[PDB]
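To keep things clear, I will list the structure first and then write my remarks on it.
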Amino acid sequence: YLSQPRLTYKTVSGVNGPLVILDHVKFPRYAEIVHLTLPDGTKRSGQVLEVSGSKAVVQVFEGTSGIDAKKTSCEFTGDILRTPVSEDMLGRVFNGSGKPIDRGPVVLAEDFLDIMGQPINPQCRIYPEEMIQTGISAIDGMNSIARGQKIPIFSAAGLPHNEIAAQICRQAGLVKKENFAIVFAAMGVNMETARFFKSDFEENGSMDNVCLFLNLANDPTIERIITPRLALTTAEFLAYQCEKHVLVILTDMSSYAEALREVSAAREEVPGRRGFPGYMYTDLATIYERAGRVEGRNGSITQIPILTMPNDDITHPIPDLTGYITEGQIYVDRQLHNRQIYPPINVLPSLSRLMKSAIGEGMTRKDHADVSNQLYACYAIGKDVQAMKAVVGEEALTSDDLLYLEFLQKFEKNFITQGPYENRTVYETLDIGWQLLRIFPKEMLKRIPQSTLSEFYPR
Amino acid sequence: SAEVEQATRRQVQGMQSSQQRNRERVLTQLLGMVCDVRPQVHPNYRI
Amino acid sequence: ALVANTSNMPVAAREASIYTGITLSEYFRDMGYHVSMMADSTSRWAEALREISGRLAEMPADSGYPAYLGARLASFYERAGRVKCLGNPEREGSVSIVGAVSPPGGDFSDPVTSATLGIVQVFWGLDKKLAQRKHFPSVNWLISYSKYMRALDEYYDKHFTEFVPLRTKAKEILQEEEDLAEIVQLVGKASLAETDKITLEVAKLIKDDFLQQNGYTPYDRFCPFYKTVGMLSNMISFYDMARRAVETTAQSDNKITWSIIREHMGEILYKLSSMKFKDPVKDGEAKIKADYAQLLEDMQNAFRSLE
Amino acid sequence: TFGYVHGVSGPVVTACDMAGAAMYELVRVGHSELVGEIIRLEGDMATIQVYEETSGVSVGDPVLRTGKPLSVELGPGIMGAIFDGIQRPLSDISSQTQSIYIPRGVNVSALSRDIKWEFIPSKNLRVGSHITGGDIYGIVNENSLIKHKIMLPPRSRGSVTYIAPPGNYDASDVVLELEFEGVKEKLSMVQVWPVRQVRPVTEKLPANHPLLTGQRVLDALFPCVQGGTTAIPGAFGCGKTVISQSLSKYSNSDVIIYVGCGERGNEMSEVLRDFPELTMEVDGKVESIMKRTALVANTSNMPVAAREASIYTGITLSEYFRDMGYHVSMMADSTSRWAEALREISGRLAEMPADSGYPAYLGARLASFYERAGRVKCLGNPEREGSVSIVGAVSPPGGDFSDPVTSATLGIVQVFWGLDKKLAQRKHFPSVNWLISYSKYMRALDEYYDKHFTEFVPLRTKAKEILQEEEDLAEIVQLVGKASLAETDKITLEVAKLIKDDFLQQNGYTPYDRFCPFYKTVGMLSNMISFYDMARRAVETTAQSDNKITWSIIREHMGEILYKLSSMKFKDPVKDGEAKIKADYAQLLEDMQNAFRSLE
Amino acid sequence: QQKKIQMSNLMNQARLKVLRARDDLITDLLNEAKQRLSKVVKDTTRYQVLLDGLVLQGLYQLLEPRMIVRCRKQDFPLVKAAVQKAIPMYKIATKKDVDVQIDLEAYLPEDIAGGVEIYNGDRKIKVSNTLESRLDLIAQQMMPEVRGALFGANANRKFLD
Amino acid sequence: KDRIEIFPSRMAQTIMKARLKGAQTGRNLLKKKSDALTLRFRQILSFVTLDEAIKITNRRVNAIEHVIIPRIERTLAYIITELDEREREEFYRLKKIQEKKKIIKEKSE
């Protein structure tokens, strides 16, 4: 506690766009939170971005319209933005600023954390081990998510990246060969999708384990910047202090990046590559790397950032800077979507670098690693044979090629195509794999050792 | 639906019982903290 | 009630025009009316923002646009939707917004196109190559999307029950056609599966006689949805029957091919291609439904006699 | 020594009343003592770049000026510790706080002052004697492997006035006092050296002694030399672990330094978890690798100054031990991550960007970084010698070689151990591309090879010719199927396969193949090429008419000899000594030549 | 199927119901604290001591060459004493000669529990040094300990770092 | 000749990348056609008509590989470089604008 009376200033040097420039301010802090009271009684929030002597410059979260330089008062809190955290906030829905929008009470805090936090000391970081199943076969039997990795979903605009994100929230959980929570943050989300997320989580009974943050497209753009920081601050409290595993999904990081560009312009910084700040790399790393396992504690944080690729070009700084500091990718395609396959996830360009540790005996099932590798090879070959068929015709194909075409058609229909309300656990996904693999005789399954085939292939 | 309302009522009763046990002690500490002013000059004051 | 603002008007009015329009839109929304607001251009609005941002000597972002371009467009675009209005009468109105992004090209890196795509739920992209070929309305239908599918599925299942599955099959055919087109341009149809030949030919039927219409003709100035569903129902019904016939009789003696189907029931394809001409309003709803029912019965009898 | 904060514009803090400050000095800003550096100066005001978050810094906060620029603290206790890029002990921060986070403004001394080190004077110095920079005046006993020699700091000299007797001293005591022109300097066991300054040496020598890594490939065909610089591609599937472990475990170097620049958290965890579990036999005892290793750890979310400084902190630590007469091998896990940090700072400072957005001086910084490696004659009267090798990796976005960072690196390093992913998919390890890889030290090592092994040089030349020919024949084989193909080419193809299978390939998970001594590498290659030459002669000398020898005849005739050649890799140096393995290889050659003799 | 949705809505609203009830208990406790502070300011010597401190803290935070203290009319005799004592203590601590006046024309609303407001010379900077404001400031900052004291510690929280 | 000579633009990047993908897909499909003809040719060994079809197919595949794609890649790399050059001159002007504003602000104090 401070127990120091707050000072309220009516001294304003000027107002310039989102910024209010104050004067005669006593020992102002950078990043200090202040509150404005306008002549009409309207209250607004803001944060101090520059303190040059006694001339503090505050960015107002809401619009600055109506603010004068004669009557508007600015109350200083004497502190920075610290988020009230508790276990009870799980099952609540908040806006970007951390305020409830579910008609419940304000959070009754167990502590207050600086939302910027600190980096996790690498000496106590534990390499990811067990798996967190998502319920979606395309990313459980092919590119699983290790309990501690950070693997992004790249999608083009117009693809159902939000419907998959909602499906993960409803279906995701532990393998179960009560201590799992999901923290979901949507940045720049439009009103229709915000309703989708809120209602879909509530209706299906999943909300008890979800902490949902909605930052809407028409919400303050600076709030969009703290939104993922509040989500991660909560995740760190829940995961590392309360010994549980937290899955954090950051939806539309591209909209975050755009809000970050706006903040850079507010500071009158010279834009960097393609208009984005030169520090976009470290800012994304600051968000992404606040995850993983830690020594001596049983909690963990995973992340699934979801990013829209401008012009569907993976080269664009947003997916490029993300991918450079993340471990693999899920990759949602367009062709699969236009073919009315849901989920439209393309297994050939996707990768999960931690799959080697995620799966195997003691974590999922003995045959997990072998089934994944063989399915990948069979799908890649089936696509290759399909391309050949288009050139040589059906009569020019041999029996093995026809088997690969049968696999290709049934793989997409049975394995990839799922539906939004069918929850496939890791063991059912593998069993589906074997049903597709048993299309081929044993001698064609070159990537599965004979010991695995003899145990699993028959029956 | 009755079991849900029944559990809710029981949880509220528990909170009401628990907070009563030390209600006066929490108020006493809070009043002490606000009553003790402890004036201080800003730490960066240099004169 | 329109708002008129030309390119030679002051940049501030060019910016404010959008705000004036949507203000009127919300005003009538609060009466319980369903309001439909059409913008001529939001790229001109973005241009006004770029011009003013420069004049104010504030730090720009990509291509000279203000970094808050996305915030201004989101503010406009998010002022819409079906609402429960304030006031005792409990009335419920709506505002629909139709934006319009003038394309410097088909590259969605365009700051205005990109900011729009991240907000709007439905994007009706207009293909340059279809425009050059005078295919009207010119819609790419592979890069476009609509995010209201699940919202409208309840409506479609309540009233029609047939549209949702027809919609799925139609999209499958168009996408399959694009993939077959890529190889046909290379090998000249030297080797195709019989099913693939049908997909190509039905997809042309769809492209020319369903997705294409002359909006200045009495027959296609407005096609009521019940008729749109009727037309698609018949074309897909043909597809399924043509595909079943050749796959069912495949690897047998009396192998059925597309050449046999086209020669056997050539008048069926003519009738299907003629459905756009039934001319609603001049002709009655009851007759148009009956006429399409007759086409379905004739196709079923035509395939029955073929097999 | 204090000034005051005048204002904060983000990560940049303006100080006032700070007239007595030099550029690139160090400051501790605010009540949390945030680490930063002074870049621009004007009047009595200074512009401070703060490494950590500035949230909460107030106008009027104190700024503590530290006289030393960005520097590395060097002394006993450096070994076995993991450091931040700006020399902050991570193993002490996590253990002195019981936290999992690095505290904001954390201030833990680089070398603990609660350890009582065993210090023995040189026993050659006396009070009144003359000592100069680089001289050794005593040794600290750290562990069983590396003795920590205490040197007089560079740029210091004079007459010795006090020598501590042998005993237990910590890093805060006074061990030696010396007087120069009436000025007395009291020295502890710890010296401080600016990280951007190159530690002086007596002379820079040519590098002639091979770097004896345990791999047959990346030695026989593509040598590295102690003091040399190489580059290693860093891709997920390239199998870079094999080089890292082989170099740190079995190398003939004395000290290993592993430098992270700014990698993924989970990748840093794998390195930090793996290294402590590595061991090697030394004097017959199995010792932990961390007793002769030091590690610098930086993840992508560490302060950009640390990620940029990490590469210079590592090499500064390397030079420190170089000056002791040790051979030091430093690996930079990803110089692309470093270059990314450098570009970020250049961007933050609004510097004019150059090629692909990188700073104009990118090439100059890489060139001056790598120039610091090499074999040197050390300072000080002990007339000792040592070296620093660099095996820094490159990982450009997209895997392309057009990125200025990889292009500049390849124009600087003299050896390129190009790795591939296709080989890994085929389970062929180590995953060395062969056709892309090169070494420019082959001439420098000709004197060593001539003196100690003699036949190695013509053998590696023939080996490259055989392997290259196999590639050159690839188009002929594809269009022919080895039908319209010379028998001499069939020998090349099948022998090249033998080389690829049972020589260049090495299986580090087998106890016999963990380390291949050089004499075994040249032994294996000599017999394989000797077979090649005999097979070529068997065909060519009989290819005139009537009765000719073909590869099918040779292969069928002496199949046991071709098998024995493949079997050579199984000669375990741990159980079969140098004389026995050489004897078996000599017998193989005789059996081999005699098998061919029966064909003529 | 629809029964599942009904159960979801019942459980979700039940969770909010008990959370709202807990927040009312906190509100009622804070309201009682305010009433108990009213009983305190009804005293004389105890309340004057609070004012002696509050005036000093006001002066120390504002650090201006001229200050005006505004209070409830009925508290003027007590504030007058507090200012006369606060001034020589202020000057010793800060080494700045500040003219501190009391506003005799404008007064705080009589319904305020107590405390003062401090304005600078031009009435552009004010210190929110009233009793009700100080209570709200401390009660919120200390709330994490109030939560635990009333309802118990979090049984699932093992690390406080 | 050396480049397709499309003026540097983000639109040109999209067109060239789509053109490159098309050329690579055609190369792979024609390579499969050649392989199918080569296998059938060897099985037969209407024989000379296969040798002519293979020579025509391989010549087209070789041109895509040696003429058309290299030319698209040179064009794309040219576009990428020139676009970064335009980005730089914008950076320069914006930096100088910020400095001029700073100078005006100092004069006002």
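Labels used: A, B, ... for chains in the order of the structure tokens, numbers from 1 for residues in each chain, and numbers from 1 for ligands as shown.
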Hey, what's within 12 Å of residue F:12 if we count only C-alpha atoms and toss same-chain stuff fewer than 3 positions away? As a CSV table (one decimal) with C-alpha atoms, in the first residue's frame, please?
chain,number,residue,atom,x,y,z
C,104,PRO,CA,-5.3,-0.5,-56.7
C,105,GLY,CA,-4.9,-4.2,-57.4
C,106,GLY,CA,-5.7,-7.8,-56.3
C,107,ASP,CA,-3.0,-7.6,-53.6
C,109,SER,CA,-1.5,-5.9,-48.8
F,4,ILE,CA,9.9,-9.8,-67.1
F,5,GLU,CA,10.1,-6.0,-66.7
F,6,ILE,CA,7.2,-5.4,-64.4
F,7,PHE,CA,7.6,-2.2,-62.4
F,8,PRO,CA,8.4,-2.9,-58.7
F,9,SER,CA,5.3,-3.0,-56.6
F,15,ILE,CA,1.8,-11.6,-59.5
F,16,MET,CA,5.3,-12.9,-59.7
F,17,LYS,CA,4.9,-15.3,-56.8
F,18,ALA,CA,1.7,-16.7,-58.3
F,19,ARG,CA,3.5,-16.9,-61.7
F,20,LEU,CA,6.4,-18.8,-60.1
F,72,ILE,CA,10.8,-15.1,-62.8
F,75,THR,CA,12.4,-10.5,-61.6
F,76,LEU,CA,11.1,-11.3,-58.1
F,77,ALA,CA,14.5,-10.6,-56.5
F,78,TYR,CA,14.7,-7.4,-58.5
F,79,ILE,CA,11.3,-6.3,-57.2
F,80,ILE,CA,12.2,-7.2,-53.6
F,82,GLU,CA,13.8,-2.1,-55.4
F,83,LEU,CA,10.9,-2.1,-52.9
Inset, instruction - With a cut-off of 10 Å and counting only C-alpha atoms, select all residues of chain D in contact with chain F and give the selection as a ChimeraX atom specification. - result: /D:350-357
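Comparing C:32, C:10, C:230, C:103 by their smallest distance to chain F, the closest is C:103 (using only C-alpha atoms).
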Counting only C-alpha atoms, a student should be able to say which residues of chain A come within 6 Å of chain E; what is the right answer, written as a PDB file with N, CA and C atoms, in the first residue's frame?
ATOM      1  N   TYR A   1       0.828  -1.198   0.000  1.00  0.00           N
ATOM      2  CA  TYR A   1       0.000   0.000   0.000  1.00  0.00           C
ATOM      3  C   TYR A   1       0.867   1.254   0.000  1.00  0.00           C
ATOM      4  N   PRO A   5      -2.177  10.511  -0.233  1.00  0.00           N
ATOM      5  CA  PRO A   5      -3.273  11.150  -0.968  1.00  0.00           C
ATOM      6  C   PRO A   5      -2.886  11.486  -2.398  1.00  0.00           C
ATOM      7  N   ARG A   6      -3.837  11.265  -3.298  1.00  0.00           N
ATOM      8  CA  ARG A   6      -3.627  11.508  -4.713  1.00  0.00           C
ATOM      9  C   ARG A   6      -3.714  12.996  -5.030  1.00  0.00           C
ATOM     10  N   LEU A   7      -2.929  13.408  -6.017  1.00  0.00           N
ATOM     11  CA  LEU A   7      -2.982  14.761  -6.546  1.00  0.00           C
ATOM     12  C   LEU A   7      -3.777  14.776  -7.844  1.00  0.00           C
ATOM     13  N   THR A   8      -4.643  15.775  -7.977  1.00  0.00           N
ATOM     14  CA  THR A   8      -5.443  15.971  -9.183  1.00  0.00           C
ATOM     15  C   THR A   8      -5.049  17.319  -9.778  1.00  0.00           C
ATOM     16  N   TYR A   9      -4.695  17.318 -11.056  1.00  0.00           N
ATOM     17  CA  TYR A   9      -4.215  18.506 -11.742  1.00  0.00           C
ATOM     18  C   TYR A   9      -5.271  19.018 -12.709  1.00  0.00           C
ATOM     19  N   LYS A  10      -5.447  20.336 -12.737  1.00  0.00           N
ATOM     20  CA  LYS A  10      -6.190  20.992 -13.798  1.00  0.00           C
ATOM     21  C   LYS A  10      -5.291  21.734 -14.775  1.00  0.00           C
ATOM     22  N   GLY A 104     -21.067  -9.788 -13.570  1.00  0.00           N
ATOM     23  CA  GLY A 104     -20.587 -10.186 -12.272  1.00  0.00           C
ATOM     24  C   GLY A 104     -19.884  -9.049 -11.568  1.00  0.00           C
ATOM     25  N   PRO A 105     -19.359  -9.315 -10.381  1.00  0.00           N
ATOM     26  CA  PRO A 105     -18.681  -8.276  -9.611  1.00  0.00           C
ATOM     27  C   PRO A 105     -17.263  -8.050 -10.127  1.00  0.00           C
ATOM     28  N   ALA A 109      -9.440  -9.489  -5.380  1.00  0.00           N
ATOM     29  CA  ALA A 109      -8.078  -9.881  -5.717  1.00  0.00           C
ATOM     30  C   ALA A 109      -7.448 -10.781  -4.666  1.00  0.00           C
ATOM     31  N   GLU A 110      -6.621 -11.732  -5.094  1.00  0.00           N
ATOM     32  CA  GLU A 110      -5.677 -12.349  -4.174  1.00  0.00           C
ATOM     33  C   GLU A 110      -4.325 -11.661  -4.199  1.00  0.00           C
ATOM     34  N   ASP A 111      -3.976 -11.005  -5.303  1.00  0.00           N
ATOM     35  CA  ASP A 111      -2.739 -10.238  -5.330  1.00  0.00           C
ATOM     36  C   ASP A 111      -2.802  -9.239  -6.472  1.00  0.00           C
ATOM     37  N   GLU A 203     -22.545 -21.784 -23.309  1.00  0.00           N
ATOM     38  CA  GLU A 203     -23.589 -22.768 -23.566  1.00  0.00           C
ATOM     39  C   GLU A 203     -23.105 -24.198 -23.376  1.00  0.00           C
ATOM     40  N   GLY A 205     -20.832 -25.462 -21.354  1.00  0.00           N
ATOM     41  CA  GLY A 205     -20.427 -25.878 -20.026  1.00  0.00           C
ATOM     42  C   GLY A 205     -18.939 -25.771 -19.759  1.00  0.00           C
ATOM     43  N   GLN A 241       1.646 -20.193  -9.554  1.00  0.00           N
ATOM     44  CA  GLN A 241       1.381 -20.054  -8.129  1.00  0.00           C
ATOM     45  C   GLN A 241       0.340 -21.050  -7.635  1.00  0.00           C
ATOM     46  N   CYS A 242      -0.572 -21.500  -8.498  1.00  0.00           N
ATOM     47  CA  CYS A 242      -1.638 -22.396  -8.080  1.00  0.00           C
ATOM     48  C   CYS A 242      -1.498 -23.798  -8.656  1.00  0.00           C
TER      49      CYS A 242
END
Inset, instruction - Give me, as a PyMOL selection string, the contact residues of chain A against chain C at a cut-off of 7 Å, counting only C-alpha atoms. - result: chain A and resi 157-158+190-191+217-218+261-262+265+268+271+274-275+310-311+338-340+390-394
Inset, instruction - Give the residues of chain B that lie within 10 Å of chain D; count only C-alpha atoms, and format the answer as a VMD selection string. - result: chain B and resid 42 to 46
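The spacing separating atom CA of residue A:258 from atom CA of residue A:332 amounts to 21.5 Å.
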Inset, instruction - Hey, list the chain D side of the contact with chain E: 12 Å cut-off, only C-alpha atoms, answer as a list in words. - result: residues 97, 98, 99, 100, 101, 102 and 103 of chain D
Can you build me a table of chain B residues sitting at most 6 Å from chain E, with the closest atom pair per residue and its distance in Å to one decimal, using only C-alpha atoms, sorted by chain and residue number, as a tab-separated table?
residue	atom	partner	partner_atom	distance
B:12	CA	E:18	CA	5.9
B:18	CA	E:151	CA	5.9
B:19	CA	E:150	CA	4.3
B:34	CA	E:135	CA	5.8
B:37	CA	E:53	CA	5.6
B:39	CA	E:57	CA	4.5
B:41	CA	E:60	CA	5.3
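Here atom CA of residue A:361 and atom CA of residue A:436 stand 21.8 Å from one another.
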Give as a PDB file with N, CA and C atoms, in the first residue's frame every residue of chain F that touches chain C within 9 Å, counting only C-alpha atoms.
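The resulting file, iface.pdb, is shown below:
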ATOM      1  N   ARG F  10       4.202  -4.053 -54.699  1.00  0.00           N
ATOM      2  CA  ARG F  10       3.645  -5.182 -53.914  1.00  0.00           C
ATOM      3  C   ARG F  10       2.699  -5.991 -54.808  1.00  0.00           C
ATOM      4  N   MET F  11       1.985  -5.325 -55.720  1.00  0.00           N
ATOM      5  CA  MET F  11       1.183  -6.064 -56.689  1.00  0.00           C
ATOM      6  C   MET F  11       2.055  -6.959 -57.556  1.00  0.00           C
ATOM      7  N   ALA F  12       3.230  -6.465 -57.958  1.00  0.00           N
ATOM      8  CA  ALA F  12       4.134  -7.274 -58.766  1.00  0.00           C
ATOM      9  C   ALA F  12       4.638  -8.479 -57.993  1.00  0.00           C
ATOM     10  N   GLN F  13       4.861  -8.325 -56.688  1.00  0.00           N
ATOM     11  CA  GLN F  13       5.287  -9.447 -55.860  1.00  0.00           C
ATOM     12  C   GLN F  13       4.235 -10.550 -55.864  1.00  0.00           C
ATOM     13  N   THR F  14       2.970 -10.162 -55.690  1.00  0.00           N
ATOM     14  CA  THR F  14       1.878 -11.131 -55.709  1.00  0.00           C
ATOM     15  C   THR F  14       1.765 -11.816 -57.062  1.00  0.00           C
ATOM     16  N   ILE F  15       1.876 -11.049 -58.146  1.00  0.00           N
ATOM     17  CA  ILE F  15       1.752 -11.628 -59.481  1.00  0.00           C
ATOM     18  C   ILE F  15       2.922 -12.562 -59.763  1.00  0.00           C
ATOM     19  N   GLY F  22       2.845 -21.225 -60.441  1.00  0.00           N
ATOM     20  CA  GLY F  22       2.314 -21.867 -61.633  1.00  0.00           C
ATOM     21  C   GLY F  22       3.393 -22.559 -62.443  1.00  0.00           C
ATOM     22  N   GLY F  26       3.619 -26.538 -63.186  1.00  0.00           N
ATOM     23  CA  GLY F  26       3.706 -27.077 -64.532  1.00  0.00           C
ATOM     24  C   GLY F  26       4.952 -27.915 -64.736  1.00  0.00           C
ATOM     25  N   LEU F  29       4.288 -31.326 -63.107  1.00  0.00           N
ATOM     26  CA  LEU F  29       3.324 -32.132 -63.846  1.00  0.00           C
ATOM     27  C   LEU F  29       3.893 -32.627 -65.168  1.00  0.00           C
ATOM     28  N   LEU F  30       4.636 -31.776 -65.876  1.00  0.00           N
ATOM     29  CA  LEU F  30       5.275 -32.220 -67.108  1.00  0.00           C
ATOM     30  C   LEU F  30       6.381 -33.227 -66.837  1.00  0.00           C
ATOM     31  N   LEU F  94      11.106  10.733 -43.509  1.00  0.00           N
ATOM     32  CA  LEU F  94      10.397  10.761 -42.235  1.00  0.00           C
ATOM     33  C   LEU F  94      11.331  11.089 -41.080  1.00  0.00           C
ATOM     34  N   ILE F  97      11.978  14.805 -41.191  1.00  0.00           N
ATOM     35  CA  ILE F  97      10.767  15.490 -40.743  1.00  0.00           C
ATOM     36  C   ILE F  97      10.695  15.506 -39.223  1.00  0.00           C
ATOM     37  N   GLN F  98      10.972  14.364 -38.593  1.00  0.00           N
ATOM     38  CA  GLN F  98      10.989  14.310 -37.136  1.00  0.00           C
ATOM     39  C   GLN F  98      12.069  15.214 -36.559  1.00  0.00           C
ATOM     40  N   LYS F 101      10.870  18.829 -36.848  1.00  0.00           N
ATOM     41  CA  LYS F 101       9.902  19.103 -35.792  1.00  0.00           C
ATOM     42  C   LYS F 101      10.592  19.312 -34.453  1.00  0.00           C
TER      43      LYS F 101
END
Legend entry - One-decimal distance in Å that lies between atom CA of residue A:146 and atom CA of residue A:358: 4.5 Å
Inset, instruction - Give me, as JSON, numbers by chain, the contact residues of chain A against chain D at a cut-off of 6 Å, counting only C-alpha atoms. - result: {"A": [27, 28, 29, 30, 31, 50, 51, 52, 53, 118, 119, 120, 121, 123, 125, 126, 127, 278, 279, 285, 286, 325]}
Legend entry - Non-local contacts of stretch 416-430 of chain A (8 Å; only C-alpha atoms; under 2 positions in same chain excluded) as a ChimeraX atom specification: /A:133-138,140-141,163-164,167,171,175,341-345,364-365,368,371,411-414,432-434
Inset, instruction - Pull the strand (DSSP E or B) assignments for stretch 67-186 of chain A out of DSSP run on the backbone, and list those residues as number ranges by chain. - result: A: 73-80, 82-85, 93-95, 100, 111-114, 120, 125-126, 131-133, 146, 150, 153-156, 173-174, 180-186
Inset, instruction - Identify, on the basis of only C-alpha atoms, every residue whose closest approach to stretch 403-408 of chain D does not exceed 12 Å; exclude the query and any residue fewer than 5 positions from it along the same chain; express the result as a count of residues only. - result: 40
